[PDB]
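Below is one structure, written out as structure tokens; the observations come after it.
Read-outs: derived from the displayed coordinates by stated rules, not from any lab. Neighbour counts are summed over all protein chains in view; Cβ atoms, including those assigned to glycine, are modelled from backbone coordinates with ideal geometry.
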Amino acid sequence: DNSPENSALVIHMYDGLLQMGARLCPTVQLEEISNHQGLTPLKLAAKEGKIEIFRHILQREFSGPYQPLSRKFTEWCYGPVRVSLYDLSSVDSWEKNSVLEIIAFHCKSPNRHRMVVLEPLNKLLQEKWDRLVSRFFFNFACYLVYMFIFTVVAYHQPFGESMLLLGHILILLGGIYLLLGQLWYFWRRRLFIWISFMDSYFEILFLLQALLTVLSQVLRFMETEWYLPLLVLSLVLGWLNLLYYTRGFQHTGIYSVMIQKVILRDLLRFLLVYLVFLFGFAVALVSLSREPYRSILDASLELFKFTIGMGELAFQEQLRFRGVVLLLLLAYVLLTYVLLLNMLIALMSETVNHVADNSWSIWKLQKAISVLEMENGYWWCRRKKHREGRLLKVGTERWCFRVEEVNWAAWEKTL
Amino acid sequence: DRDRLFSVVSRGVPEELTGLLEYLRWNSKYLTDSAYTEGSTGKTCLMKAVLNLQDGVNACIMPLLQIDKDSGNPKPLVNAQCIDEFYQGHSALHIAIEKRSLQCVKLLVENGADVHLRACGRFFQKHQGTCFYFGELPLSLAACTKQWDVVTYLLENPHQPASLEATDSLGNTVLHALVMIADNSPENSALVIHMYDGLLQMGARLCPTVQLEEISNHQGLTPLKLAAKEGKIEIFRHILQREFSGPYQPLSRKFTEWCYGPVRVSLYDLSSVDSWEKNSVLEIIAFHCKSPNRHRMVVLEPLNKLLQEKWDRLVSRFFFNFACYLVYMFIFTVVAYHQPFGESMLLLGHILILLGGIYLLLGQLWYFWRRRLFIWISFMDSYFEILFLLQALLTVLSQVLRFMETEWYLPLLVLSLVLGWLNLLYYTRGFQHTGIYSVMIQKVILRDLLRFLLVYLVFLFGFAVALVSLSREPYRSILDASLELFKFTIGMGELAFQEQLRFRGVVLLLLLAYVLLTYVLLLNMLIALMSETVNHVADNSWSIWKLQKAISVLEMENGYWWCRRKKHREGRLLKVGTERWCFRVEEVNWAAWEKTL
């Protein structure tokens, strides 16, 4: 457990058992045994969200006869700077079900954004991101060019005929490409969408957009006009998808945006309440109208348009019983004002209590997910095989990773 | 390498086996000039020997004497790493000092060690890799590591003494190095203050003729000016007001004259004064400094009173300039309004407007020439200087367009009118408006304007394109639809897209989607803005107002561009023998008086 006393007790017992097992049985390695799920103790700790024991296992050092069973080997320290040599087997390359892959996709605890900031994983992810930012921006540019072509073709379609036909063919090809890519992604990552829809909804939207545009092209070949609406949708949604790329050119994303995006767990209840209000009052009003307003849809749309300031009520005219229609309208207006005020207060209560100034960790987690996904390469041509090379083997026979730390506080406290 | 792997026998007699093996290679007596220095790429045997630290007393004296008794020409210490990899001149004496081994450095300086030669650890570039900066000198390294014994041995070393005024490649001295590594944490501040005072006293004792605090680096900054520029408030404050009783009285900056009760009359020291000195402490704090702490540095005891006196002197000219600008604005407004005997009045008004525009343009051009870097560093509290300039430029252009007999002067002139009135708000800081911390909160949140503007532009120009695409079977223009949606957003118009358009069920969906998205965006804006006022109370509007007044008085002490003011008079208070231009300040502290008895 994350409580300090439980963490201390479990750490002490873990180290004692490891040392005793090394002393009695020096030939067997107890930390390489996997359960029926195929998880070692380190991977299990990463998956279950136990941050304290996971961190302790990740960076532990022993001096003396217990040196071999250590994961961090301090090489040399000058001043407040220390050059340590951490150990791998938590690396994406050459290994399936890595620690980083489990943290990003399989883990579901709220602490997963605080686990990517640990010392070896931080530098590993930073190096991978610095390597792959070029492909990230190349993909951005390709999508932007596709969107410009799509917008121009849609706008200029009320020598030129050949250009329009070529544009339509390219739009169909791009839609097919995006559809296939998103289908492959959803095939590979079925469970991640269910676990963590909060930070993976864009993968849905893209797919949807692709599907829509493909359908539109089909409707253009059947000589029906109904292609025009769908295509228009496929336009606007596409532009919104560009916002997905705001995470590559250094936009933190703000903690407040996360606050609103997580408050939408309360959308269902408020939506149900508002729907009950709207479809009770509309039915009452159309019942008074009988002696047109025959449709429930007409009255509901009129009230909804008034609510968002898009129209006027205009129910006050005639209707004979003009003293009751007024009462119903005022009751509806007051109730919806109360509901909106309740929405606002419920939303705002979080920002005045939980400061949680940790946008950097969330941005790092987003970058980690992006680089993990794009290391596999494109669906039509899988990338070159994941090279295990992170740093040369050190005898300490172990694939290691050199990290440099600076700590003025620790240097000043010691003497 | 080879010697290291042959020196793996720690216990026993390792002093003689290496000597027997080495001698003079037993075959090349005179070939050791260059064939000896090839064991590694810079890590010589001596560095490994002093880096071992395997035993309590490492075997280092006798091998050094053995090499000294037979080799006199090949100095090993003078050789340094010529390759960027594996340090760039890191001598073994630095390792000896920093491993807290007085014996090792003592034995090294017994024979052949050259102190204060070079370290090239990190100055500006080249040697990098999150390295350690300590002034790249052995004495500076000893001082920064809190090693009094090493420093004491180095200063009065009988063999080779180390000068305390030595400068490194960057021009810094030991005091500059202590200033650079300073941090606002209490323990770091206490350590650096103690080391600074100890070094100052020791330098006074050993060398009473030199003054270490008047030495400037390549940038021309003394330790006090460097501390002011780098934003290290603690050491800057300690240096600003320090007093010593006894033989160390002369090297003090504050001299308490007389105290009655809770009131004390102290006599602070200058050389932080604007007048008679270029690159003063106040000038550096106001313009060159960029740390967030600059608004907390102007409230210190001598600077506060100095700035208050200067403001009390120059408020008259401040309000005179205000009155002149107000009169100019009234003339401009009347001339613009009454232009659909009188002809002569209108011509005179136009001539005066042209002259005022030229005057303002020249003044702002002079200001921008003098203060190029300040605009880039601190645009947050200096944007008015831009606006004025812009306005001036505009009005001048308008006058030109009036002489070409084109009507296009009328729009520009109108702009030059409205902007001018807004510029009057600049003068609200003179007649005692604090400005409110909340206004600063909004003015600093506009760092987030670019992201929200990009998001809103994407929304608007996606939805407008979709709507005009549906309109085709007028609304032909993207600009028309974008303007219509934008006008609806700010409550300036109505949508009116619901009429006809055949596909009336999709236009409605697009409009509702746009409205909901823009409401969500505005709510996000509001929550992001308001989150700061409920967490950071920061009730320090007085300091920000003092900083604004300081910038204003600093700028206006120079006088007008057409006639520079009378030369800055050094006179702040008469010279006191304590021969030093001083400044008398009176403090009252009931808490300190009550605590003491």
Requested in this report: Among the numbered conditions (1) out of contact with any helix residue (DSSP H, G or I) (no Cβ under 9 Å at 6 or more places or on another chain); (2) surrounded by 21 or more Cβ atoms within 10 Å (Cβ to Cβ); (3) polar (S, T, N, Q), tell me where B:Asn172 comes up short.
Outcome: (1)
**Report entry** Residue that is surrounded by 15 or more Cβ atoms within 10 Å (Cβ to Cβ) and farther than 18 Å from A:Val394 by Cα, where the choices are A:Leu100, A:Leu88
**Finding:** A:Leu100
Report task. Quickly run through the stretch B:159-199 and pick out the residues that are of a type in the set (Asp, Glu) and over 17 Å from B:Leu139 (Cβ atoms). Result -> B:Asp183, B:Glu187
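Table: residues versus (1) buried (at least 18 other Cβ atoms within 10 Å of the Cβ); (2) within 13 Å of another protein chain (Cβ to nearest Cβ).
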residue: B:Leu508; (1), (2): no, yes
residue: B:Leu512; (1), (2): no, yes
residue: B:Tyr519; (1), (2): no, yes
residue: B:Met525; (1), (2): no, yes
residue: B:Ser531; (1), (2): yes, yes
residue: B:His536; (1), (2): no, yes
residue: B:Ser541; (1), (2): no, no
residue: B:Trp545; (1), (2): no, no
residue: B:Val553; (1), (2): yes, no
Query - Number of the exception - B:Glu407 against (1) buried (at least 16 other Cβ atoms within 10 Å of the Cβ); (2) over 27 Å from B:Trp545 (Cα atoms); (3) charged (D, E, K, R) - result: (1)
Query raised in the report: List the pairs whose first member sits in the stretch A:227-245 and is at the interface with chain B (Cβ under 9 Å from one of its Cβ atoms) and over 29 Å from A:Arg135 (Cα atoms), whose second member is aromatic (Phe, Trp, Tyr) and not in a helix (DSSP H, G or I), and whose Cβ atoms are under 7 Å apart, counting only residues at least 6 apart or on separate chains?
Result: A:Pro229/B:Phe503
Report task. Could you tell me whether any residue of the stretch A:214-226 is closer than 22 Å to A:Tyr143 by Cα, in a helix (DSSP H, G or I) and within 11 Å of chain B (Cβ to nearest Cβ)? Result -> no
Query raised in the report: Going by the conditions given, is A:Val81 in contact with a helix residue (DSSP H, G or I) (Cβ under 6 Å, 6 or more places away or on another chain) and among the aliphatic types (A, V, I, L, M)?
Result: no
**Report entry** Failed criterion for B:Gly491 (all others in (1) on the phi < 0 side of the Ramachandran plot; (2) facing another protein chain (nearest Cβ under 9 Å) hold)
**Finding:** (1)
Requested in this report: Could you grab me the full set of residues in the stretch B:39-94 that are over 47 Å from the mean Cα position of the chain (by Cα), polar (S, T, N, Q) and not in a loop (DSSP other than H, G, I, E, B)?
Outcome: B:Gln66
Report task. Determine which member of the set B:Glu586, B:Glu557 is exposed (fewer than 12 other Cβ atoms within 10 Å of the Cβ), under 30 Å from B:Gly435 (Cα atoms) and of a type in the set (D, E, K, R). Result -> B:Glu586
Requested in this report: Being more than 20 Å from B:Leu523 (Cα to Cα) and within 14 Å of another protein chain (Cβ to nearest Cβ) is the filter here, so list the residues in the stretch A:307-356 that pass it.
Outcome: A:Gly311, A:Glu312, A:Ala314
Report summary line: A:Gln260 fails exactly one of (1) more than 18 Å from A:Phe202 (Cβ to Cβ); (2) at the interface with chain B (Cβ under 9 Å from one of its Cβ atoms); (3) within 24 Å of the chain's Cα centre (by Cα), namely (1)
Query - Single condition A:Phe249 does not satisfy, out of (1) more than 24 Å from the chain's Cα centre (by Cα); (2) among the aromatic types (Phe, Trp, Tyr); (3) not in a helix (DSSP H, G or I) - result: (1)
Report task. Determine which single condition B:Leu446 fails, assuming it passes every other condition in (1) within 12 Å of chain A (Cβ to nearest Cβ); (2) of a type outside the set (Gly, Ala, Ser); (3) part of a helix (DSSP H, G or I). Result -> (1)
Query - Total residues in the stretch A:59-83, condition within 13 Å of chain B (Cβ to nearest Cβ) and of a type in the set (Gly, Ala, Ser) - result: 1
Query raised in the report: Which of (1) within 14 Å of another protein chain (Cβ to nearest Cβ); (2) assigned to a loop (DSSP other than H, G, I, E, B); (3) more than 21 Å from the chain's Cα centre (by Cα); (4) not β-branched (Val, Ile, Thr) is the odd one out, the single condition B:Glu187 does not satisfy?
Result: (2)
Query raised in the report: Which of (1) part of a helix (DSSP H, G or I); (2) within 13 Å of chain B (Cβ to nearest Cβ) does A:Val276 not meet, given it meets every other one?
Result: (2)
Report summary line: Checked pairs for the stretch B:51-75, first under 20 Å from B:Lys99 (Cβ atoms), second part of a loop (DSSP other than H, G, I, E, B), C-beta under 6 Å and 6 or more apart or across chains, list as B:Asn52/B:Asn58; B:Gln54/B:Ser10
Query raised in the report: Of the residues B:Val150, B:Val192, which is out of contact with any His (no Cβ under 7 Å at 6 or more places or on another chain), hydrophobic (A, V, I, L, M, F, W, C) and more than 13 Å from every other protein chain (Cβ to nearest Cβ)?
Result: B:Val150
